[PDB]
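First up is the structure itself, then whatever we jot down about it.
A short reminder: the numbers here are calculations on the coordinates, not readings from a lab. Ideal geometry is used to build each Cβ from the backbone, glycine not excepted, and the neighbour counts take in all protein chains shown.
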6 protein chains.
Amino acid sequence: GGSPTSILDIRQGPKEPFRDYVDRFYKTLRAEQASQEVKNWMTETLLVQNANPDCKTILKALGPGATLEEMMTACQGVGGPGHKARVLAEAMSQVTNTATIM
Amino acid sequence: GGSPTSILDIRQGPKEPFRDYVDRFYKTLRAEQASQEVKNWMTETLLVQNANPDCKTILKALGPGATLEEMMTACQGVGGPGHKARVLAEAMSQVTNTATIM
Amino acid sequence: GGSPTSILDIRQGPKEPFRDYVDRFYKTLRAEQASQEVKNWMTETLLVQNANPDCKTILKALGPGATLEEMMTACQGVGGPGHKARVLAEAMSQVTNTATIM
Amino acid sequence: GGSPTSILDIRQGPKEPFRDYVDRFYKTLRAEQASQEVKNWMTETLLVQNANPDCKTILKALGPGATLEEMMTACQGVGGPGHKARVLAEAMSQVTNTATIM
Amino acid sequence: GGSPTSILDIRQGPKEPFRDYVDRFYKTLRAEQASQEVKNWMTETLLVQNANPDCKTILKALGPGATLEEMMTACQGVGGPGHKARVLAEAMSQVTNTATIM
Amino acid sequence: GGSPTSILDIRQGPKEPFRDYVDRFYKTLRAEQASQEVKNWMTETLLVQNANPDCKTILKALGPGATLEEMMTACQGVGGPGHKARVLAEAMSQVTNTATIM
Ligand SMILES: O=P(O)(O)O[C@H]1[C@H](OP(=O)(O)O)[C@@H](OP(=O)(O)O)[C@H](OP(=O)(O)O)[C@@H](OP(=O)(O)O)[C@H]1OP(=O)(O)O
Ligand SMILES: CC(C)(C)c1ccc([C@@H](Cn2cccc(C(F)(F)F)c2=O)NC2Cc3ccccc3C2)cc1
């Protein structure tokens, strides 16, 4: 438990792409002793929870249980400028137009 | 599956210029036994989806899979600073002037 | 006594992942000959005091008593684009909507 | 074909100054068997295209083919905080003050 | 004159946390054959002068004469996402709420 | 004549601090066989021109010929977050408050 790279500490860097950090997770899932159904918790949820807020904030929005292609595409936005561009508009437009809280 | 790069997920860094990546997109291609037509996903849409959203927007800006000179010329706008030069102002007006969502 | 890396100076890179530096502070607490109890108060507090104002502002936000799997989950928000993706919208509203100081 | 250092892949890092890439486009052509005029789409245009858009926005105003003393003194504006000294404010004036689009 | 690491050229990375850099300044101070008082110019004013403007502003804010622990604690804010979360946000209100110039 | 690093091309990285590069300009000046008076024009002007526009906007502000201590102290503001802490507030106010162009 918690052996090197059991998924439990796998991590996506802010500058690490989703499709990249994923290689760091899946590969190490093999390095981890988990049933396929169990790994599904690691890929479905952990992949969202411990990996780069660009994607955590996304896969959570898409929701858990969405296919990995729906997430793979939606998470390709991850990557600073690429994400930050959309996040810039959404956030900038949140505080002011769409999410103006009063 | 898991063989070194089949052009499933080759990747453009979020800051890595499109061109560095085109050589890499192509690099896996020289190793991937992808027929030329098949390579069309590899050139056009791979070069769109996993290629850093800046090209995803730009390739959309020209048209997806535009000539390697067209997607590229336009894609030198990719990269952080590369896009920040333009995309910042445009997005900045996406929120306020051009795309103000009401 | 209070030798280098023990915990006395364990400092976190600002963008460095919560968990990463925590890995420092953990793998390094070994270097710090501490009682099992004398270790923990360093892990909940000393981790918070000298680490990532993003993870310190969060660890504090969750409120102490949050198991690592709970800290890590929240401080996974920490990060350049990682914390900027969540803070961009927030800070932008700290000034305008939520923390508007009059 | 697939040969690097022909300009077809030379590149200025998005953070990288105009000048830092100048050598990348000059020296990389030392390795390329070319004519001086032939090297000119490069010195003039690729030097404008993949050379980190901080310079493409500068060279677009300054103009292309500017002498190495001009593109230098001018695209020395290229640069992470180096351009930010000016460019941030410029984009900030591209949307709101000078180049605002209605 | 120009002797390596006399504190004259010691410096803090623009993102480097205050302390990591302080380890440099101090480590080489041990080497600069100085008196306790002399080392105190390096700790009071050079420390401030080169320590990455994220903190250079802070140390002044607390005011010099504060314990290195004092500046350190107030300088754990130093850092990219680490200093921006607290200070960039402050800049956001420098335009709108607190430093709105007139 | 025009030997490498003769000051004609010495350059400061966009992120490279003024002090660092100044060490690249001074040391390389040793490599440059120049009279002191001549070196002075290189230290006064050339240092200003090809040294990271962060400083260029600063040195120009302090006034050319400011003593290295003056250029340094102010150019310790040079840097990514370090210059940004100031410059972001400034450019932002160049568009809206102080330099609003009508
Ligand atoms: O660290 P921050 O103050 O948040 O800003 C950084 C910094 O930009 P600055 O030049 O303004 O300091 C990086 O510069 P480097 O020191 O890494 O060169 C830049 O890098 P690039 O020019 O290469 O894009 C990076 O972007 P990234 O994290 O994509 O590498 C950008 O961060 P933000 O885009 O998140 O604001
Ligand atoms: C949205 C994103 C892509 C991430 C982006 C947007 C804008 C910038 C630069 C301006 N800007 C504009 C053009 C070129 C440069 C360059 F760096 F290339 F020289 C530059 O600094 N301002 C913001 C940077 C930042 C980070 C967090 C808090 C505030 C700011 C202001 C940088 C990055």
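For segment B:90-100, what are the residues that are within 12 Å of ligand 2 (Cβ to nearest atom) and more than 7 Å from every other protein chain (Cβ to nearest Cβ)? If the condition is that a residue be within 12 Å of ligand 2 (Cβ to nearest atom) and more than 7 Å from every other protein chain (Cβ to nearest Cβ), then B:90 is the only one that fits. Do you know which of the residues in segment D:9-35 that are within 15 Å of residue D:68 (Cα to Cα) and touching a residue at least 60 places away in the same chain (Cβ under 8 Å) is surrounded by the fewest Cβ atoms within 10 Å (Cβ to Cβ)? Among them, the one singled out is D:18. When F:64, F:53 are screened for being more than 10 Å from chain E (Cβ to nearest Cβ) and within 16 Å of ligand 1 (Cβ to nearest atom), only F:53 passes. Scanning segment E:44-77 for residues that are touching a helix residue (DSSP H, G or I) at 6+ places or on another chain (Cβ under 7 Å) and of a type in the set (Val, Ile, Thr) yields E:48, E:57, E:58. Is one or more of the residues making up segment E:74-92 over 28 Å from residue C:54 (Cα atoms) and more than 16 Å from the chain's Cα centre (by Cα)? No, segment E:74-92 contains no residue that is over 28 Å from residue C:54 (Cα atoms) and more than 16 Å from the chain's Cα centre (by Cα). Among the residues of segment F:2-27, those identified as away from chain D (no Cβ under 13 Å) and over 17 Å from residue D:72 (Cβ atoms) are F:3, F:19, F:20, F:22, F:23, F:26, F:27.
Just one of the listed residues (B:21, B:26) is away from ligand 2 (no atom under 16 Å from the Cβ), more than 22 Å from residue B:87 (Cβ to Cβ), in contact with a helix residue (DSSP H, G or I) (Cβ under 9 Å, 6 or more places away or on another chain) and of a type in the set (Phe, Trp, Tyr), and it is B:26. Could you figure out which of (1) surrounded by fewer than 22 Cβ atoms within 10 Å (Cβ to Cβ); (2) within 20 Å of residue B:10 (Cβ to Cβ); (3) under 12 Å from the mean Cα position of the chain (by Cα) isn't true of residue B:63? Unmet condition: (2). Only one of the listed residues (B:78, B:38, B:87) is more than 12 Å from every other protein chain (Cβ to nearest Cβ) and either within 16 Å of ligand 1 (Cβ to nearest atom) or surrounded by fewer than 19 Cβ atoms within 10 Å (Cβ to Cβ) (or both). That residue is B:38. Test residue C:44 against the stated conditions and say whether it is more than 12 Å from every other protein chain (Cβ to nearest Cβ), more than 16 Å from ligand 2 (Cβ to nearest atom) and surrounded by fewer than 22 Cβ atoms within 10 Å (Cβ to Cβ). So residue C:44 passes the test.
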